[PDB]
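Beneath this line is the structure, given in C-alpha cells, with notes to follow.
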Ligand SMILES: C[C@H]1O[C@@H](n2cnc3c(N)ncnc32)[C@H](O)[C@@H]1O
Ligand code: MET
Ligand code: SF4
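Chains as they are written, first to last, in the numbering used here: chain A, 23 to 724; chain B, 4 to 646; chain C, 2 to 441.
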C-alpha cells in the first residue's frame, strides 16, 4: 500500500517555512498537525512527519558546519511541545519530544555546538513560548534536559537567533521583544549576564538574524516601523539603516555555498513585506551604501501577504510564503542576472477539505473545502520522463459560503451545495477544455493566473429545499439527483428527487424525523438507501415512482448511535453501514429483480469492532472469484483499514471477517477522514480526504 | 420630598331645612353650597364670619309629591344665573335665583340615573332607564340617542397580522360617567347583562365609539378620568389583594398599585382627582364587622413621585349616620381644597398647602436632615453626608398607624430630633447616627378627626397647637406639655383664623399670621400670654397684601425682619414687595437663596447669578461646603457649589 | 488625536425566534430569506459598511485592514480605535464562530497570531495600537448571565439592546418574541454587571398614536425602570419584503405627516435629560428603496430649527459637548434598583461640557464573583478637553464619594486594553476583566 500523491499547503503563521542549505536542500513547511518534506525540483513530497496534536508553528533546520546537507531539525507547535526530528533518508528515525512551556510555542532555534573533546554532535536549542518565557535544551546523543530559564514578566519574545563570537567560542543569543529592545546576551549558567539591549527601532521588532561574518559579526534588525537596521559587532557595536515602507517581517543574509571546492560568502539581504513586496538590498561598490537590485511582487494588487521569505541555495532562487497559504518561487535568469521569473510549486486547500469525486473517465479529481473554494487536480505528462506529477489545474469558483456536498453528472458538469438554501450547477468553459487537452494530450499555471483568469460560469440555480443542504448523490444512469436538508423536525427533513434534464422536483419521499447524513443509489438502479441521524435507515424501491419497501424502527436497529455512512455492493445484493458506535454492519437481503416475499430484511452477517468512530465505509467496485468482498474503512483518528468479508454457511459469528493491510504512521491522516472514493473500473487506486487540509491518493494490488 | 399640610378647617354645622340631603353642588364667583334635598333646593352661605344661613331658599315639593323623588343631579350654570336640576322621576328643570320660579325643560319616560355636564358647560348627557344615553345641547336641543349595550368593538380596532367571575355582589347596578380635562372624550361604565361584569366604553365628543374595555376580572364600580394626561382609575379586587388600576384611551390595563388593607375588609365608594391632576382622593367603606356598625369610613390622599404612589394624609369618619358622609367634591377653581357634605346636614371645607419639612440649625451638629411621609413609614435623609435620590433614604422608620404630621425641634445645638403625629392622635419622639424611640405620648382631649392644627416643637418639653372654633371663627393656641400629654394652657381665642406659626431658633421669637394679613408677635413664655402687633421700624403697620404660603423670620442687618412668599410668585419683605417672579427660597445663617423663574439662582447674603434648568425648586442648603440641592420635576436631584 | 470608529459586520444568519414562532419581526428588512442577496439582517446591502463588508466576503481580518488603510490615507491617525459589530443578533451563532470572529479582530489589530481568545487579548494588551472598546447588539432574550459573562471575556463594554416600545400589545402584535418585563430584567442585569446600556426606539409602530408616543417617551424618561444611558431614534420605514409592507399595501397603515414627525422629534429632543446621550435620530437605509417613511436625511436640522422656533432647547450630551470658567456639577438618580451618580465638569453660561464620569452602587442582584462585598463600580470615564488634569480630579472625587457615601470598601472599573495600563499607572490591579483598587 503506497501513497502515490499528496496535496497540501502551509500554515498561516510567521516562520512556518524553512529550507536546508546544501547541494540539495529540503523544504519543511508545516500543515495542520504534521511536517511535510517536499523536494522543490518540481517533484512531490517524500514523507510526512506526524506526531503533533495541535497546530504546528515554527520549523528550523540545524545548520551544518562543513557544508553538508542538514540531517536534523526542530519543530515547535501549539501543542505545548517541541519536537526534534532526525531522518537518515526520508525515514523518520527516532523523533524526540520535549515538554514544558505551558502555552503555545512560537519560537525555536537550534545550533550545533563547537565542542572539541566530545564531537558527538552536541546541540543547543532555545525555545520561546507564549507564557512570556524562554528556555534552553542541550542535547548530546539521546540525552535531553532543560537549562537556565528566563522570564520576561509581561514582555514577550518575538524573534530568536543564536550564533558565536568571532574568535572565542562564546554562544551569543539575540532575542526579539515587544518593547523595541532586542536583547543580545549570553544564556548558559556560566554565561547568562545581559550585556546590551539595542533600541534602534520604534515598533515591535518581528525579526533578528545573526549574519555570516566576514571578520565582524553582522546582525539584522527588522521591525514594524518600516525600517531595517544592520548592526556590526566587534566588544563594540555599530549601526547602519535602510528604508522601505509598511510592515517588514522577514530578513535573511545569503548563506555560504561550496563553489567547486571553495566556500563563498557574498553580501546580500532579502526583505518580505505585507505590501506585497520583496527586496534584495546589496552594498555599494563605491561607498557600500545599500541600494535595491529589483522590485518583485504583486504590487498594487489585493490579498496583502508575504509572511515569510527564504533564500535559496547559492542565490539560485527565492521562496516566499504569503497570507493565503500560497507560495511564490522566483528563479534567476543566468543569461540576464537582473531578471527573475516565477516558478511552479505545490498548492492545496488552506482549510478542511469536505468532499471529492473521481473523474468518470478517471483523469482528474475535484475537491471542495470549507475554505469556500473548489479546486481541480490533474496529472502532468511532460514529454520524456516516466515520472508523472499531479498539479492544481483550475479553480472553478471562489464562493462566499462554505461548501459541504458535491456531485458529478457529466464529465464537465457538477452540482455543488453550501450552507445555504439553494443548489448550484457548473459547466466547464471552452478555454479550459483546450488548456487541459494541451496539458494531458502546456504547463501547469502559476498562482496569479489561477487566482484571476480561471473561473467557471453558473448555469442553473435550484430552489425550494427549505434549509441548508447536507448531502447529494446521483444514480448509475446519471439521470436522477437526490438531496436532503439539515433539519430538526420530521416535516423539514425529507428527501427531494430532481430530474437532471429539466431541473425540477419529481417526488418528495418523506420518512425520517431528523437530518439525513448520506444516501446512496444502487448499481442495479432499483433501490435507494438513506441513513439518518435518527439512528435508522430507509430503503425505497422503484415501481414499474418510488415507494417504501424496507423499514427500521428504533428496536430493529443494531446500531445505538448516529449512523454516519452507507454503501452498496457491486452485485447489488448486499449493503454496508458504518456508524459512530465503532461498529460496521452489513445487511443482506439478496433481493433483486422480482421478489414476492414481504420485507424479510436482515443483517444476515456479524458485527465488527474497529478501534474508533467510523465516518466512511466504501466497497471496491471490482469483483474477483471466490465471492470474497473487500471493504475500506476510514476511522476517526485518521487511520484507514481494509477488511475482507465472506459469507459463512449457517453461523454468522464464526470468522466472518478477515483482516488486511493497515495504514502506517507516515501514510495516515491526522484529524479525521471524510470520503473514500474508488477509481472507476471495468472501462487499484482510490482517494481519501479529510480535515487535514490534505488530499491523498493511494495504490494497492494483490 | 414634599408633603401636604393643613392650614384651614372651615366648618358649618346644624343646617336646617328638608329631610335627608342627597346631592349638592358648588357656586364660584361669590357663591357657596347649593344642597338639594327631597323637598327642594337650598342655598347656604357659610363663608361669612358671622353669617352662616340660608339665602334665597326655594321649594318645589309638588313635583315629587311626598314620594322618594330623589334629585339625581344639581349643577350651576356659571354666568347664566340658573341651576339645572334633574329628578329621578325623569324630569329636567331650570330653576332661577331670587325669583323662586320653575321651568320644566325636559321630560323622559324613564328614570334619569345619572346626569353629567361637560367641563366647558356646553354638552350635557343623560343616562336614561332605557339603557340609552342621550346628548342634549347647552339649551336642551336633542343631538343623539345611542344604545349602551351594543356589542361591536367600535372604531379604533387593532391591525393584526397572522404571525404568532361575575360582578361584585356589593355593587349596585348603576352607570357612572366622567370627562377628560379638555372635553374631547368621555367614558361610560356599566355591567354587561350578556357577561355579568363591568365593562367600560369610550366615546368621542361626537358619539364615535372608540374602544371597549378588555375583559378584566373583578372590576369595580368606580370611574375617574385624570384631568390632564390620559389615565382612568378603577379597582380590580383580586383573590388575594385589593388594587387600584388604570386604563387608557384604547381600553387596556396599564399600571396599578396596592391598597394597604386586608383581603376582604373594605370596599371602594368613589375616586376623585384634584384641580390640577396632582392629588388622588379615595373613599373607602368598611364592608364587614357589623359589631361596631362599620367603624371605619376612611378617605385617603395619594400622590405620585418617581412612579411611587405615596400615602400622604388619612381621614377617618364613623358610619353611625348622624355624622356620615354623603357627598364630597374638589374645588374646580383652586387646588388642595375639598368640600364634604355629611348626612346630618353638616358641611366641611378642607384646605391644604405644600411644604418641605427641613431641619435648620447652627453651623455645627446640624446634618441638615430632611423627612418625607409615606404611608405608615417615614423616610429620613441626612443631606450633610449622603445625597440620596428621592425614592431611597438614609434610613427608614416604621409605624403601626398612618402618619399625618412631622416636625423638627428648633432648639439650637440639638436640631437632630423629630416628633411625629400618627392618625391615632399619638405623638412619637425620636432623639439622638441611628435613633431609639424615646416616648410615645397620648393626647388628653380629641373629639373630631384632624382637629389639631399646626403642630410646632419649640422647647424640648413644649408644643404649640392651633384649634379653630365653629361659631365666629376664633383661633385658640394650646400649650402641650407633660411628663400622656396634658393641655396645660389655652391662650385667648384671637379674632380670626391663624395660618402661619413660624418660629425662630434664635431669640426664641414666635410669629403669628392671620388670614387677612396682620402679623402678631405672641410670647409663649408671657405671664399673660397676650399677643402684640408685629413691630416695624415705626407705626407698626406690617400687613401682607395677601396671605403668604411660607413665612420666615430672619435677622437682617442688626434687627429681625419677616419674609413672606405666596403662591402667586410674590415676595414680601415687611410689606415691600421687592419683586414678583420667585418660585421658592430658603434662609440659613445670614444666607438668602431663591429661584427666580427666569432661570437663575440669586445668592444674596445678609449683612451671584448662576444658571438653572426648567422648574428647579430649592430643597436644602448646606452652608458647610456651601452646597445647595436643587430638585428637577423629573425626580433627580442636583447639588451645586455656588462658591 | 481622536479615536476612530471601525465598523464590521457578521455573516448572514437567521434570527433565533423563527423556530417556535412562524416568522421574524414583522418589520425587519433583509435577511437570508429576503430578496436582497447577502442581506445579513436589518440591512439591504447598500450602506457603505454593507458593500465594504461584502468586498471582504465577511472576513474580520480583511475588513479591519481595509478600513484602517482608508482612515490612515485621509490624514487620520489610528492610534486609538473603537470596534462596532453590526449585523443583527450576534449572540445566537454557535460559540466556535463567535470565538473565531473576535480572535481574528484582535489579532488583526495587533499582529500576533493567536489560537484562543485569551491569547489574543493577552497579546493585544501589549499592542502599540490600543483598542478602547467593542460594542455589540443583542436581543433581550439573549442577555442572561452566561451571555454577559461571554461579553465580558471578549472585552466588549457597551450593549445595544433594542426595546422597540414600552407597550406590551405592540410587542405581542409584531411577533417580537419576548415581553417588556424581560427587557426590564435585562437592563437590571446589565446595569449591575457594569456595562453602558444604550437602547433603540422606533416612534411609529402600528396601533400607536401621536399622543401614545409622547406619553410613552415621557414615561420612558420618568419611569425608574428604564432610564437608559444613550438613546437612538429609528423612525419606522416601510421596506419591501416585510409583513409591514403587506399591511401598508393592504391600505391598513399610514405614516405620520412630515410636519407631525418633525414636531414629535422636537418634543422628544426637548424632553431628554442632561445625562442621556442621543447617538442617532435617523436610519441610513437608502432613500429610493423605502416605499413610505421619512422625508429625507435632513431630519436633525429640521428638528433643531423647529425647537429653536418654539422656544425649547435640547440639553443632551452631544449638543453640549465641544480657560473658560469651569465648575463641578453633581447629579444623582435611581435606575433599575440602583443609585446612579453623574459627576461632571462644565461651564454654565456657555453650557459646554468637558469631563464626565458614571458611578453606581451595586445592588443585591449582582452575580459576578469580583463583585460580592458591596463593591462600587465606574461604568464610564470620558474626557475630551484640556487644561494636574481633569481625569485625576474625577477619579479622586469618585473614590472619595464611594468611600464616604456608598460605604463601600472596594472599587472596580471596566476598561478596554490600553485603558488597563492607564488605570494600572494610577495604582490599580487587574482581576478578571475588571480593574480593581482596594479602597480602604
Ligand atoms: C437596527 C434597528 O432597525 C430597526 N428597524 C427594523 N425594521 C425597521 C424599519 N422598517 N425601519 C426602520 N428601522 C427598522 C430595528 O428595530 C433595530 O432597532
Ligand atoms: C438589527 S435589529 C437590533 C439588534 C437585535 N437584532 C435586536 O433586535 O435586539
Ligand atoms: S430580532 Fe431584530 S434583527 Fe431579528 S428580525 Fe427582529 S428586528 Fe430584525
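We put the beta carbon where it would ideally sit given N, CA and C, even for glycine.
Practice task
State the Cα-Cα distance for the pair residue 421 of chain A and residue 395 of chain A, rounded to the nearest angstrom.
Solution key: So the alpha carbons of these two residues sit roughly 6 Å apart.
Exercise for the section: Determine, using beta carbons only, whether residue 481 of chain A comes closer than 7 Å to chain C. Expected result: Taking a beta-carbon distance threshold of 7 Å, residue 481 of chain A does not count as an interface residue toward chain C.
Problem - Beta carbon shell of ligand 3 at less than 5 Å from a heavy atom - result: Matched residues: C:16, C:25, C:26, C:29, C:42, C:43, C:89.
Practice task
For the alpha helix (DSSP H) holding residue 185 of chain C, just list the boundary residues, first then last.
Solution key: Its alpha helix (DSSP H) spans residues 181 to 194.
Exercise for the section: Output, in chain order, the set of chain B residues within a Cβ distance shorter than 7 Å of residue 188 of chain C. Expected result: Within chain B, no residue comes near residue 188 of chain C; the closest Cβ sits about 15 Å away, beyond 7 Å.
Exercise for the section: Could you tell me which residues DSSP pairs with residue 333 of chain A in its beta bridges? Expected result: Per DSSP, A:340.
Exercise for the section: Please report the Cβ distance between residue 294 of chain C and residue 256 of chain C, rounded to the nearest whole angstrom; I am assuming they are in contact, meaning their Cβ atoms lie under 8 Å. Expected result: Contact holds; Cβ gap of about 6 Å.
Practice task
Tell me whether residue 346 of chain C counts as near ligand 1, meaning its Cβ is closer than 6 Å to at least one heavy atom of that ligand.
Solution key: The closest heavy atom of ligand 1 lies 6 Å or more from the beta carbon of residue 346 of chain C.
Problem - residue 71 of chain B, buried or exposed, once every other Cβ within 10 Å from all chains shown has been counted against 16 - result: By the Cβ-count criterion, residue 71 of chain B is exposed, with fewer than 16 other Cβ atoms from all chains shown falling within 10 Å of its own Cβ.
Exercise for the section: Output, in chain order, the set of chain C residues within a Cβ distance shorter than 9 Å of residue 312 of chain A. Expected result: Within 9 Å Cβ-Cβ: nothing; residue 312 of chain A doesn't reach chain C, min ~26 Å.
Exercise for the section: Please go through the same chain and pick out, in chain order, the residues whose beta-carbon is closer than 7 Å to the beta-carbon of residue 247 of chain B, but skip the five residues on each side of it. Expected result: The answer, listed in chain order, is 236, 238, 259, 260, 262.
Handout entry: residue 3 of chain B versus residue 582 of chain B: straight-line alpha-carbon distance, rounded
Key = Within the shown structure, residues of chain B are numbered from 4 to 646, placing residue 3 of chain B beyond reach of any answer.
Handout entry: Rounded separation between residue 140 of chain B and residue 128 of chain B - CA only
Key = So the alpha carbons of these two residues sit roughly 9 Å apart.
Problem - Within chain C, partners of residue 634 of chain B - CB distance below 7 Å - result: Here the premise fails: no neighbours, minimum Cβ distance about 11 Å.
Exercise for the section: Can you grab the Cα-Cα spacing for the pair residue 161 of chain C / residue 94 of chain A, in whole Å? Expected result: Looking at the two C-alpha atoms, the distance is approximately 56 Å.
Exercise for the section: Taking only beta-carbon positions, decide if residue 257 of chain C is within less than 7 Å of chain B. Expected result: It does not: the Cβ of residue 257 of chain C has no partner Cβ on chain B nearer than 7 Å.
Problem - Exposure label - residue 328 of chain B; buried when at least 16 CB within 10 Å - result: So residue 328 of chain B counts as buried.
Practice task
Label residue 540 of chain A either buried or exposed according to how many other C-beta atoms from any shown protein chain fall within 10 Å of its C-beta, with 16 as the threshold for buried.
Solution key: It is buried - the Cβ of residue 540 of chain A has at least 16 other Cβ atoms within 10 Å.
Exercise for the section: Give a yes or no on whether 7 Å exceeds the smallest Cβ distance from residue 41 of chain C to chain A. Expected result: Not an interface residue.
Handout entry: Whether residue 253 of chain B touches residue 317 of chain B by CB criterion (7 Å)
Key = No. Outside cutoff.
Handout entry: Beta-carbon proximity of residue 221 of chain A to residue 203 of chain A, cut-off 7 Å
Key = In this structure, residue 203 of chain A lies closer than 7 Å to residue 221 of chain A by Cβ.
Handout entry: Reduced DSSP category for residue 19 of chain B - H, G, I as helix; E, B as strand; rest coil
Key = When DSSP states are grouped into helix, strand and coil, residue 19 of chain B belongs to the coil group.
Handout entry: Pick from B:349, B:278, B:396, B:326 that is closest to residue 341 of chain B, judged by C-alpha positions
Key = From the listed residues B:349, B:278, B:396, B:326, the smallest Cα separation to residue 341 of chain B is found for B:278.
Exercise for the section: Report the rounded CA-to-CA distance for residue 480 of chain B versus residue 426 of chain B, giving the unit in angstroms. Expected result: Using only the alpha carbons, I get a separation of about 21 Å.
Practice task
From the DSSP output, read off the bridge partner residues of residue 693 of chain A.
Solution key: Paired residues: none, contrary to the question.
Practice task
Would you check if the stretch 382 to 398 of chain C and the stretch 99 to 107 of chain C touch, i.e. whether three or more CB-CB distances between them fall below 8 Å?
Solution key: The count of Cβ pairs closer than 8 Å, one atom from the stretch 99 to 107 of chain C and one from the stretch 382 to 398 of chain C, stays below three, leaving the stretches out of contact.
Handout entry: Where the beta strand (DSSP E) through residue 521 of chain B begins and ends
Key = Run containing residue 521 of chain B: none; DSSP gives neither H nor E here.
Handout entry: Beta-carbon proximity list for residue 132 of chain B, same chain, < 6 Å, skipping 5 on both sides
Key = Counting only Cβ-Cβ distances below 6 Å, and skipping sequence neighbours, we find 113, 114.
Exercise for the section: Please name the residue in B:631, B:475, B:206, B:547 whose C-alpha comes closest to that of residue 497 of chain B. Expected result: The candidate whose alpha carbon is nearest that of residue 497 of chain B is B:475.
Exercise for the section: Give me the Cβ distance between residue 638 of chain A and residue 656 of chain A, rounded to the nearest whole Å; I'm assuming they're in contact under 8 Å. Expected result: Rounded to whole angstroms, the Cβ separation of residue 638 of chain A and residue 656 of chain A is 4 Å, and the two are in contact under 8 Å.
Practice task
Would you verify that the beta carbon of residue 97 of chain A is, or is not, closer than 7 Å to some beta carbon of chain C?
Solution key: The Cβ of residue 97 of chain A sits no closer than 7 Å to any Cβ of chain C.
Exercise for the section: Between the Cα of residue 244 of chain A and those of A:258, A:237, A:238, A:253, spot the shortest distance and give me the residue it belongs to. Expected result: With distances taken between Cα atoms, residue 244 of chain A lies closest to A:253.
Practice task
Answer yes or no: the CB of residue 163 of chain C versus the heavy atoms of ligand 2, is any distance below 6 Å?
Solution key: Yes, Cβ of residue 163 of chain C sits closer than 6 Å to a heavy atom of ligand 2.
Practice task
Note down, one range per segment and in chain order, each alpha helix (DSSP H) of at least 4 residues found wholly within the stretch 114 to 154 of chain C.
Solution key: Runs found: 118 to 125.
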